[PDB]
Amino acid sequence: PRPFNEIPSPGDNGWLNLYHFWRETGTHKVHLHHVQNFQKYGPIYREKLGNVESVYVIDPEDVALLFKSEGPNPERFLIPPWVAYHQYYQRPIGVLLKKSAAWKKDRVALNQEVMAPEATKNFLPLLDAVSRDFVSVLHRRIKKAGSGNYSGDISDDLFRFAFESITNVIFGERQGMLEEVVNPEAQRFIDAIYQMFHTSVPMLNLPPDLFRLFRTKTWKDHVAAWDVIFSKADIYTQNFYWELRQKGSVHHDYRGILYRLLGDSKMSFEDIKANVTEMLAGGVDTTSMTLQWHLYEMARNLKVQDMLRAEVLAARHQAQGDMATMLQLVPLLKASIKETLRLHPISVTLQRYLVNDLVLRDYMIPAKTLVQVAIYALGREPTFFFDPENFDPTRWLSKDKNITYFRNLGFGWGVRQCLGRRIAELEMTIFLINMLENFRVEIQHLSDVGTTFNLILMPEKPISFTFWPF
């Protein structure tokens, strides 16, 4: 068993490695940097960037070993500007920034309301209401254009849609972000979320001591974005708490996640408020970017779009209109979501700190090492996916249960996988059902759209769609 130091590497000087990364590839192209590194070093390597050293893997077979050796309270890589902000400005932390027993207590309480089938069934009509209103926005814009047609960049509208959805399931109340005249303070919350992510990038790979010294402007902007996030989330939670006491009525109808947690959970109010903040912020940029990519791949692959429409129409008929029943009759659509995340992951990597020593590819990796799975590079790798550039949803329906082995990694894995996974899957599946029933989607002057790293991975340039009523 080969020692750690023999794992291929650019070298042990983290600051020099950072220098070469910035010069040759650039901060906003870390995903390409991973691709290039596997081509240079093979299927496993180590790289110290600034202060942080990691081992990087790409093989699903190595991924399987990593996750099998996982302990009861897994830890991923913590974003240092996020940590520094919460510590310095003394903001209560939620499940994202907690560890061990304190993380477990939050997670178990939250899973009961946001992950469990018994809870999630209640999300359906709340998410369906928002998606139906999105459809109406588009029909209205089509009428106004006068051409039987609507063309536009809808990224801003997708951010608003994602915000309506997450707020509706949390608060059981519509915020009005899909109306013609919008709440400017809710729009300020949406913009801050984007800014928090974008401003995170120049501070990555640096200790907090170096942030304020060499990234002072960025840090200041980053602090301001988090302050907006916390101000507004706290106001929402505070108002809800008091209005609940003003209306003091037991409800038989479902009122949302916050009502459930305030009404009956082991969580303190302060843990609840901290987690509400993280759920709201997690709810905005991820599902909206993923949906945008999905529409892009449907416009790029019109045969696949047709197949998906036909399955949705059959499912609506078969279910006699019931959404709950429909969602079990659209396997190809759910596959196309897996396929969208394969090509366009939100998260460049998954990461785990090892609890015990571990052997990967005949190399000994000591306990406490950070191991990263390169999700983006895996998805483009022709040895792990047949024709990786092809958008092919049936790939996930293959009875060859080897082709999909540890491939579906967009939401992570295990007990500390994405907390919003069910919300996101349901929101996106329900959105696409309504869209496919109502419109055909095209891109005029279609061209390949690249990816940029803004903490989350994002389209590198605007995408302008054309929608035809179907």
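Don't overthink the numbering: it's just position in the shown sequence, from 1.
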Quiz item: Which is higher on average in the deposited entry, the C-alpha temperature factors of 213-221 or of 252-260?
Solution: 252-260
Self-check item: Stretch exceeding the other in mean C-alpha B-factor - 355-363, 74-82
Solution: 355-363
Quiz item: Which one, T290, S268, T199, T369, has the peak C-alpha temperature factor per the PDB entry?
Solution: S268
Quiz item: So among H344, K143, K338, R380, who wins on Cα B-factor in the entry?
Solution: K143
Practice problem: Using the B-factors in the PDB entry, rank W396's C-alpha atom against the chain and give the third, lowest, middle or highest. | Solution: highest
Quiz item: Among the chain's modelled residues, which third holds the C-alpha B-factor of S165?
Solution: lowest
Self-check item: CA B-factor ranking of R416, expressed as a third of its chain
Solution: lowest
Practice problem: Please rank the C-alpha B-factors of the chain's modelled residues and tell me whether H317 sits in the lowest, middle or highest third. | Solution: highest
Self-check item: Third assignment of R46 from its chain's C-alpha B-factors
Solution: middle
